[PDB]
Asker: 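Below you'll find the structure I mean.
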Amino acid sequence: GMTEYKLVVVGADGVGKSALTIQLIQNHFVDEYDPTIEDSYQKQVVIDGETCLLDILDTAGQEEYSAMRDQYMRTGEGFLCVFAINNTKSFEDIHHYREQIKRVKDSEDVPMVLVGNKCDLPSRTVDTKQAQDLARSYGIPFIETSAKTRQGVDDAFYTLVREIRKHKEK
Ligand SMILES: Nc1nc2c(ncn2[C@@H]2O[C@H](COP(=O)(O)OP(=O)(O)O)[C@@H](O)[C@H]2O)c(=O)[nH]1
Ligand SMILES: [Mg+2]
């Protein structure tokens, strides 16, 4: 058989949410993708031997309330919370996004993965260990990625699927 997973990608604009999503759905690096486009994208993959259909909401324009975004997040099964490792502000914003998720999911056990993107870049400002501390305080995995080189992309999305699987077993 197959299983579907409803995923949401959140984080400051410019962190690489669209680039990460497109690496998953199309397997290459799209460096210019309209920063205002928010949409969902479907991709069939295989994870741990199981056929999986992922439906991924790539968020954008979070400065304005969107009812469609809110309804998708309310029913979303798991969340990637993305920052860029060369942008300290995007890391400090993670708290805002996790609050926003737990605010709309009525739960403190929501499948989530913290993602530090742009790890191909040399001028890092957020140490891996600082991000590991934050993920531990939330009880969630931390995965480093580069949408440019594809490093860690499958790891981030597949780890989220694995977290959802465990949650659904409860
Ligand atoms: N070097 C590098 N640049 C990236 C990476 N991911 C995204 N970018 C660039 O970061 C900027 C924002 O990417 P985008 O996917 O539009 O981010 P979004 O606003 O979160 O959807 C663009 O200039 C991308 O080319 C990455 O992993 N490495
Ligand atoms: Mg985008």
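Just follow the structure's listing: the first ligand is 1, and inside any ligand the first atom is 1. Position 1 is the first residue of the sequence, and the numbers go up from there.
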Asker: Nearest non-hydrogen atom to atom 1 (N) of ligand 1 belongs to which of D120, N86, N87, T36?
Answerer: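 Result: the heavy atom closest to atom 1 (N) of ligand 1 is in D120.
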Asker: Are the side chain of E77 and the backbone of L7 linked by a donor-acceptor contact shorter than 3.5 Å?
Answerer: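 Not at all, since once roles are kept as given, no pair shorter than 3.5 Å links the two residues.
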Asker: Over all heavy atoms of both residues, which pair between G16 and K118 is shortest? Give the atoms and the distance, please.
Answerer: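 Closest approach of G16 to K118, heavy atoms only: N-CE, 4.5 Å.
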Asker: Out of all atoms in ligand 1, which are within 4.0 Å of some heavy atom of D13? Include the element for each.
Answerer: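 Those atoms are 19 (O).
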Asker: Evaluating non-hydrogen atoms only, which member of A60, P122, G16, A12 is closest to atom 14 (P) of ligand 1?
Answerer: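 Considering heavy atoms of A60, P122, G16, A12, the nearest to atom 14 (P) of ligand 1 sits in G16.
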Asker: To the nearest 0.1 Å, how far is atom 27 (O) of ligand 1 from its closest protein heavy atom, and which atom is that?
Answerer: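 Looking only at protein heavy atoms, the one closest to atom 27 (O) of ligand 1 is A147 N, 2.8 Å.
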Asker: Applying the side-chain contact (heavy atoms from CB on, under 4.5 Å) criterion to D70, which one of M73, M68, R74 satisfies it?
Answerer: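 With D70 as partner, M73, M68, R74 yield a single side-chain contact (heavy atoms from CB on, under 4.5 Å), made by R74.
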Asker: Are any side-chain N or O atoms of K148 and backbone N or O atoms of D31, one a donor and one an acceptor, separated by less than 3.5 Å?
Answerer: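 Checking the backbone N and O of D31 against the side chain of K148, no donor-acceptor pair under 3.5 Å is found.
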Asker: Does only the side chain of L121 get under 4.0 Å from ligand 1, or the backbone, or both, or neither? Count heavy atoms.
Answerer: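 Just the side chain.
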Asker: So for ligand 1, is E32 a polar contact partner (N or O within less than 3.5 Å, distance only)?
Answerer: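 No; every N/O pair is 3.5 Å or more apart.
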Asker: Hey, is ligand 1 close enough to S18 that some N/O pair sits below 3.5 Å?
Answerer: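 Yes, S18 has an N/O under 3.5 Å of an N/O on ligand 1.
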Asker: Under a 3.5 Å threshold, yes or no: a donor from one side chain and an acceptor from the other, between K6 and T75?
Answerer: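 Yes, side-chain donor-acceptor contact under 3.5 Å.
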Asker: Counting N and O atoms only, with roles assigned by atom type, does the side chain of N117 sit under 3.5 Å from a partner on the main chain of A147, one being a donor and the other an acceptor?
Answerer: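 Flag set: sc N117 to bb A147 pair under 3.5 Å.
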Asker: Hey, which atoms in ligand 1 end up nearer than 4.0 Å to a heavy atom of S146?
Answerer: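 With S146 as reference, the close atoms of ligand 1 come out as 27 (O).
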Asker: Would you say ligand 1 has an N or O under 3.5 Å from any N or O of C119?
Answerer: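 No, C119 has no N/O under 3.5 Å of an N/O on ligand 1.
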Asker: Among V10, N117, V153, which residue places a heavy atom closest to atom 6 (N) of ligand 1?
Answerer: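 Among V10, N117, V153, the closest heavy atom to atom 6 (N) of ligand 1 belongs to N117.
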Asker: Between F29 and ligand 1, does any nitrogen or oxygen pair lie at a separation below 3.5 Å?
Answerer: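 The answer is no, given that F29 and ligand 1 share no N or O pair closer than 3.5 Å.
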Asker: Taking the six-membered ring for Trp, are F142 and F83 parallel (under 30°), tilted (30 to 60°) or perpendicular (over 60°)?
Answerer: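 Plane angle under 30°, so parallel.
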Asker: So is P35 close enough to ligand 1, meaning a heavy atom under 4.0 angstrom away?
Answerer: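 Under 4.0 Å: no for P35.
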Asker: Which pair of non-hydrogen atoms, one from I85 and one from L121, has the smallest distance, and what is that distance?
Answerer: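 Heavy atoms of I85 and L121 come nearest at CD1-O, 4.1 Å.
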Asker: Is the shortest distance from a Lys or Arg side-chain nitrogen in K89 or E92 to a carboxylate oxygen in the other one below 4.0 Å?
Answerer: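 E92 and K89: not salt-bridged.
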Asker: Quick check: does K118 get an N/O under 3.5 Å from an N/O on ligand 1?
Answerer: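 The answer is yes, given that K118 and ligand 1 share an N or O pair closer than 3.5 Å.
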Asker: Have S18 and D58 got a donor and an acceptor in their side chains that come within less than 3.5 Å?
Answerer: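 Side chains of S18 and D58: pair found under 3.5 Å.
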Asker: State whether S18 contributes an N/O/S atom found under 2.8 Å from the Mg ion (ligand 2).
Answerer: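 A backbone or side-chain N, O or S atom of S18 is under 2.8 Å from the Mg ion (ligand 2).
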Asker: Checking a contact table here: which protein heavy atom is nearest atom 15 (O) of ligand 1, and how many Å away?
Answerer: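 Of the protein heavy atoms, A19 N, 2.9 Å lies nearest.
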Asker: Give a yes or no on whether the backbone of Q23 and the side-chain of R150 come within a donor-acceptor separation of less than 3.5 Å.
Answerer: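 Checking the backbone N and O of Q23 against the side chain of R150, a donor-acceptor pair under 3.5 Å is found.
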Asker: To check your reading of the model: name the closest protein heavy atom to atom 12 (C) of ligand 1, its residue, and the distance in Å.
Answerer: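 Of every protein heavy atom, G14 O, 3.5 Å lies nearest to atom 12 (C) of ligand 1.
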Asker: What is the closest protein heavy atom to atom 22 (C) of ligand 1, and at what distance does it sit?
Answerer: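 For this ligand atom, the closest protein heavy atom is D31 O, 3.5 Å.
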Asker: How far is atom 16 (O) of ligand 1 from its nearest protein heavy atom, and which residue and atom is that?
Answerer: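 Of the protein heavy atoms, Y33 O, 3.9 Å lies nearest.
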